[PDB]
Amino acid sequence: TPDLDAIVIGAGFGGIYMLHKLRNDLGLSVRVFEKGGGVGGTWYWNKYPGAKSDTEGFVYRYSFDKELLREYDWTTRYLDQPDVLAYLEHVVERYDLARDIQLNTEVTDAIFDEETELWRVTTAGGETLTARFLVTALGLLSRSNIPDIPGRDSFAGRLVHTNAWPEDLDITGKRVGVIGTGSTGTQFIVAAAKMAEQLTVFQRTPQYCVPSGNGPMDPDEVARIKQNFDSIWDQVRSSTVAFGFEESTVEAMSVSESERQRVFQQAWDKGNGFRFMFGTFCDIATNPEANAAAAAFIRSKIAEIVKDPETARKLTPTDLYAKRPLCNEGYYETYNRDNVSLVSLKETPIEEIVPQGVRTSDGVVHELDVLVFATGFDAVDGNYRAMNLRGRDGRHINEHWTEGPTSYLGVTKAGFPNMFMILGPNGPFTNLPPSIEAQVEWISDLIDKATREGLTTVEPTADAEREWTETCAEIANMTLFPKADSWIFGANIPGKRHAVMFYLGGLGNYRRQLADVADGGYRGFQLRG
């Protein structure tokens, strides 16, 4: 007999909903462990100025509770961090979840016992307990990556990663530097430039940013959207990227040059990064000719916006438009401010961090009070590999992942019976809340089957998992995404394996795969009583 039916790790969107399903809906005994001092995941940790959703707020929320969709108000087109956090706190209150979420608790070990067919979890505080089922909602974008830049530990001021931003830090009137220009670093830059006495941006790789279109919502428009949420969510769950817009079915090069310009400009004016990539034409990320056209449009905007042509040049990417789409309010415009400087680390790399700042290879010591690492995450697999997570035969998860992280269907793992993953390796690449929902709901159904039928283990086969790897690789190779150097394929961290880590088929196809597996008697699973 285990201590609990189930243990959930993580109290982000994922673990919150998992706890609700397993405790409230199924009536199991459940505990969540979260290493943070508060619930919210991303939206707890990322307290930096400018932190916000790039999913439009209307669909950056749960959908499973229709009354909550009716009731809950948003007032800005995108949601700032404190607003997403307050939403998640409200959900935890609504479903009486806080009583079974244990904060400040890092799980350091999770070990399957093949004799009792139970999981044993160990906390950093030195406690252990057992459960029948283990759900890891560890986050795809949660394990901070802080590069080992020479001299980093000598810096005498406030040195922080964005995912560890301290609530008390006020950068107003300070000399601030930021390393990194992905989604985090760019939205930070926009906010920080308005506060800092001087902002220095250390940019290794410029990205193709488009407008977000953010601003206030008309409350009459929020009421209309609420009235139409059924249809809105149907469209979301059937789409590829789940961002709440209709995805184009038109090949970019099938129209005239003027029509292509007009479509790109309409999207630019409407805002949203995924809208630019997938709402314009159907083949931006698959057809190099189409991709070139999209990239050219954005470069031409950069050239129009940025007044200093050297600064414009340094901001202008020349690689494939196939990193995760970025958007912001007034990003390129920020570089027209007198108090913002841009350092191209291609041209003048960092030589050394020093007590007073950062020294680049031109010998210039950039003096800083605050140095901000917007350097991203050990994405997807980082918190799995960090854990002492062992399955059958006492084998660590790392022994299974020597050519990249793997799963069956994004949510289970061969050799790890009764372990379910929320946004594990090789799952969907979308607006994440509705993918989380698909996964939580699927996992809930399988766990309930186990309960009703008296199953002691559920596990995927090694063949099924290999087949899923091949499926993901095949889909990924039909796209330009593998040729974009970013965190999505592991390439961002030195020594990390370059490998497919997402199913790139989209949410609608992903939901069908899950459904087809379940309706076919859990094709690929060994179910034992």
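Numbers follow the displayed sequence, beginning with 1.
- Stretches 264-272 and 142-150 differ in mean CA B factor, with 142-150 having the higher one.
- Stretch comparison (447-455 versus 132-140) by mean CA B-factor in the PDB entry places 447-455 on top.
- Annotation for 412, 375, 227, 105: 227 ranks highest, by Cα B-factor.
- Highest C-alpha temperature factor among 161, 120, 392, 237, as the PDB entry reports it: 392.
- Per-chain ranking of the deposited C-alpha B factor places residue 399 in the highest third.
- Ranked by C-alpha B-factor against the other modelled residues of its chain, residue 379 falls in the lowest third.
- The deposited CA B-factor of residue 206 belongs to the middle third of values across its chain.
- Remark: residue 351 belongs to the highest third of its chain, ranked by C-alpha B-factor as recorded.
- Residue-level temperature factors show residue 367 in the highest third of its chain, judged at the C-alpha atom.
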